[PDB]
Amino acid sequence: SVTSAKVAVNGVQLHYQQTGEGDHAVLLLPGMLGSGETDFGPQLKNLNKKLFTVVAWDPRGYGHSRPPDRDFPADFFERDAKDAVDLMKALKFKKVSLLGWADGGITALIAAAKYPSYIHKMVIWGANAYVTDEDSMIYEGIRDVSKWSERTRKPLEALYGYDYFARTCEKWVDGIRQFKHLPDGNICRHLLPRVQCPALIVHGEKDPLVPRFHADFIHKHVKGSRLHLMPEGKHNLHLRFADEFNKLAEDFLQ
């Protein structure tokens, strides 16, 4: 049983889905153009409702957190990180664990580093702490949504309508590529050493969007972190291999 609602946070009405009665609060952070509805169905359904209280939020401009429309200023990951934590605080949780996917994992890393007393544990996958030429090329190949597979386009087209979906994807590409021009193509390399909570980095070895060196790098600089490789996992491993992933996550969080 899942409840959808909005809460006022930093000038925006953020949408989120909540389920479970557990004492361990968990926030699910979606990736680019994502939402709880499109990125975390299996988790909102199967994560242990007795152990956890699960919340899946929609970053401003994504999912149902519209208005406003999405924009990508240089600090957009930090803005999302603040919104995410403020949302959970608005919902009265005293401490929470984070499950972040891709852009959501980058967001989770930032939140753990900036608000260490609020984060218990963290599980991230498909995230990159910086942008390289190889990444830039990958992003460019994603820009045109019309060339996306029909299966991956359907859900987002239905949620946003073609126009917003196409336009926001282009702004995302320009928004994430902007980091390549900064020293070290940095997004959050500098915050990794500041993560103080136990972290589990999962990586699908067949992920075509995020080279494994990004997971190795995050693992290297996040003290006490654990890295788990899934031979058959791709970028959407928590969806394609939901049962396997959920077990990995639940075991780590306990």
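The numbering used is simple: start at 1 and walk along the sequence shown.
Student: So, looking at the entry's B-factor column for Cα atoms, which has the higher mean, 185 to 193 or 207 to 215?
Tutor: If you average the C-alpha B-factors of 185 to 193 and of 207 to 215, the larger mean comes out for 207 to 215.
Student: Mean C-alpha B-factor higher for 174 to 182, or for 121 to 129?
Tutor: The deposited B-factors put 174 to 182 ahead on the C-alpha mean.
Student: Out of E150, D75, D103, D83, whose C-alpha atom has the biggest B factor in the entry?
Tutor: By C-alpha B-factor in the record, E150 ranks first.
Student: Using the temperature factors of the C-alpha atoms in this entry, rank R240 within its chain: lowest, middle or highest third.
Tutor: Highest third, going by the recorded CA B-factors of the chain.
Student: What third of its chain, lowest, middle or highest, does the C-alpha temperature factor of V96 fall into?
Tutor: For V96, whose C-alpha B-factor we compare with every modelled residue in the chain, the answer is the middle third.
Student: Going by what the PDB entry lists, where does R167 fall on CA B-factor within its chain: lowest, middle or highest third?
Tutor: Highest third.
Student: Should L47 be placed in the lowest, middle or highest third of its chain by the C-alpha B factor in the entry?
Tutor: Answer is highest: the recorded C-alpha B-factor places it there.
Student: Rank-wise, by C-alpha B-factor, drop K154 into the lowest, middle or highest third of its chain.
Tutor: Its C-alpha B-factor, which the entry lists for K154, ranks in the highest third among residues of this chain.
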